[PDB]
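Read the single chain below, which is given as structure tokens and is the form deposited in one PDB entry.
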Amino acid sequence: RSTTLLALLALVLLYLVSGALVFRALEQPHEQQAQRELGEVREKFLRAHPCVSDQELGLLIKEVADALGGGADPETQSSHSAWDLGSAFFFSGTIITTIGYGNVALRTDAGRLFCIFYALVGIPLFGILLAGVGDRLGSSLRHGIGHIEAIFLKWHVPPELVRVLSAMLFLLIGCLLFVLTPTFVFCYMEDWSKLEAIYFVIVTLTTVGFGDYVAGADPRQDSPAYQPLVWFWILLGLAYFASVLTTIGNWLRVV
């Protein structure tokens, strides 16, 4: 319905400008401070090292930036592997899920080329498995609810409301198992704050996958089973979450 389509366009377009205003107002001040700190660091270095021109230091910094950007670590001079078998497994998963954290980048042209086909074939394959698991999990959940639903029907609360309350229990546990449980897990395991962990979980299950936070990626932890196993969580959550994302969609269409 062309009218509706343009209305929707204007709407979203406003949802974005709205987002923009908020993130600017919330993040720009931190950013301008950092830009200031960098310049302070340069100026301090010049005053200490008269054998260095501002312009030369500038190049040093550009070169250092490029290397850190490529995943160099400031702390050391040079063991653990980003591409070790467990981590590579994990990396692939990030593709077919479309999450795409990207905390570790491909460097080889061959890597990029293979990645293209790996995804084109991998994502639809995964989508199908996901639909499958979504149906199967909902079924298991629905059968489970039925037994407690039987108790509500005896208590003479209407079949219409009993169904609604069950939803509340239904998601609340789902959320408990897939949102709340993991966030509590991650806080303790990754040294994140409550809020960081929830941020991570949600960024993950929406498949946004910023990559600022990645469970397991931490170099120090000797926890091999953990990170793929987390992927096991990711499978459940993503399915449970997909069920939800369509539904907030329905509510949105209704208004």
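Think of the rigid core as the biggest set of C-alphas that the two forms share within 1.5 Å after superposition. Position 1 is the first residue in the sequence shown; the rest follow in order.
Beyond what is shown, the protein has a form deposited in another entry; the following relates to that form.
For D218, the Cα coordinates differ by 2 angstroms or more between this form and the one not shown after the core has been superposed.
Comparing the forms between this form and the one not shown on their rigid core, the Cα displacement of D191 stays under 2 Å.
Relative to the superposed rigid core, the position of the CA of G58 differs between this form and the one not shown by 2 Å or more. Between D222 and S87, the Cα spacing is larger in the other form than in the shown form, differing by no less than 3 Å.
Contraction of the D218-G93 CA spacing by 3 Å or more is recorded in the other form, set against this form.
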